[PDB]
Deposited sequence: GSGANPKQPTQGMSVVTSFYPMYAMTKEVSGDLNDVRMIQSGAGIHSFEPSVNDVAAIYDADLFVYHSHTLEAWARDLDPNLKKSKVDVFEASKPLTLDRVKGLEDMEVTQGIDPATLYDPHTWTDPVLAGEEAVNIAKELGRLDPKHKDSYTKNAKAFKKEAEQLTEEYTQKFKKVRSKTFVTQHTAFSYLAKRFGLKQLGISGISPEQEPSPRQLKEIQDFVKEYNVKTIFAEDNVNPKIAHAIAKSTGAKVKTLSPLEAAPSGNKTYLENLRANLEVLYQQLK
């Protein structure tokens, strides 16, 4: 409507762009196994800016060909300047590390500014505030995590490896990069005991029966920890949502 038409692949892309773009543009949203519908694709070609995270995640972003469709959408890989770790094929889940969520918002600002130079400074300022909020979050939880009685946890999938590097914590996913054999089940329960883990973290929108069973047979409590891959209910900013989840983690490792 007003300003540029911006499309994004999934919640962390949507929320970072939205906060960095402030009230200037039109920001909309369209995961490991997701293919765009014919409507999604049409709406990408129709946009000025489509923001996705990594071709290691939304692999389909590469099949887009604005040249053929005589469209002028700018296909934009927001995590390019980020070094990704190998599994562990790379682990895409950088967004749950507050610092790295920062670098990526800063990057999305840069691109918005290329597309629309008049408000360049404005994108920049919003990115800086986001960055500086991410750093207050990193610090607060750097303090909090060095005084917990349990530094290890298990999550429904391997989505928190970056969050875990950042806070000196150890994680294991029941599934891997994407949402487990009989051996793996056994290995997970052994990991739980070797490290004495008191909470298995399910995620909403993935069937929790396997986490409950592991927890049951292992003396551990199931709880919920969101990779922020699906959009959260409510009206919190990206980092408010990331904070609430760091805090579930700490309440449980406390």
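By the record, the deposited chain contains unmodelled runs at 1-9, 40-44, 103-117, 209-211, with no C-alpha atoms placed there.
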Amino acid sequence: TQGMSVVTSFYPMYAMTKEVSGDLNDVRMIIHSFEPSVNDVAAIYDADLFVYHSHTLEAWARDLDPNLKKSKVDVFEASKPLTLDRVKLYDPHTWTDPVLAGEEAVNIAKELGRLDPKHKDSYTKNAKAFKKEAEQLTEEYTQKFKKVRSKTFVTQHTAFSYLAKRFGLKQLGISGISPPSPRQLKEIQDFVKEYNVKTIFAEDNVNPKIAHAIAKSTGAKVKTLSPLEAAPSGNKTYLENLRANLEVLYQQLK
From here on, numbers count along this sequence of modelled residues.
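Per the PDB record, of the two stretches 44-52 and 182-190, 182-190 carries the greater mean B-factor over its C-alpha atoms. Taking the mean C-alpha B-factor of each stretch as recorded, 209-217 and 64-72 are not equal, and the higher mean is that of 64-72. Ranking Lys131, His157, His93, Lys88 by the C-alpha B-factor listed in the PDB entry places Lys88 at the top. Of all the options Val148, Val106, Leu115, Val99, the entry's greatest CA B-factor is assigned to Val148. For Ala78, the recorded CA temperature factor ranks within the lowest third of the chain's modelled residues. Ranked by C-alpha B-factor against the other modelled residues of its chain, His119 falls in the highest third. In this PDB entry, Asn126 carries a Cα temperature factor that places it within the lowest third of its chain's modelled residues. Compared with the other modelled residues of the chain, the Cα B-factor recorded for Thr17 ranks in the lowest third. The deposited CA B-factor of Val38 belongs to the highest third of values across its chain.
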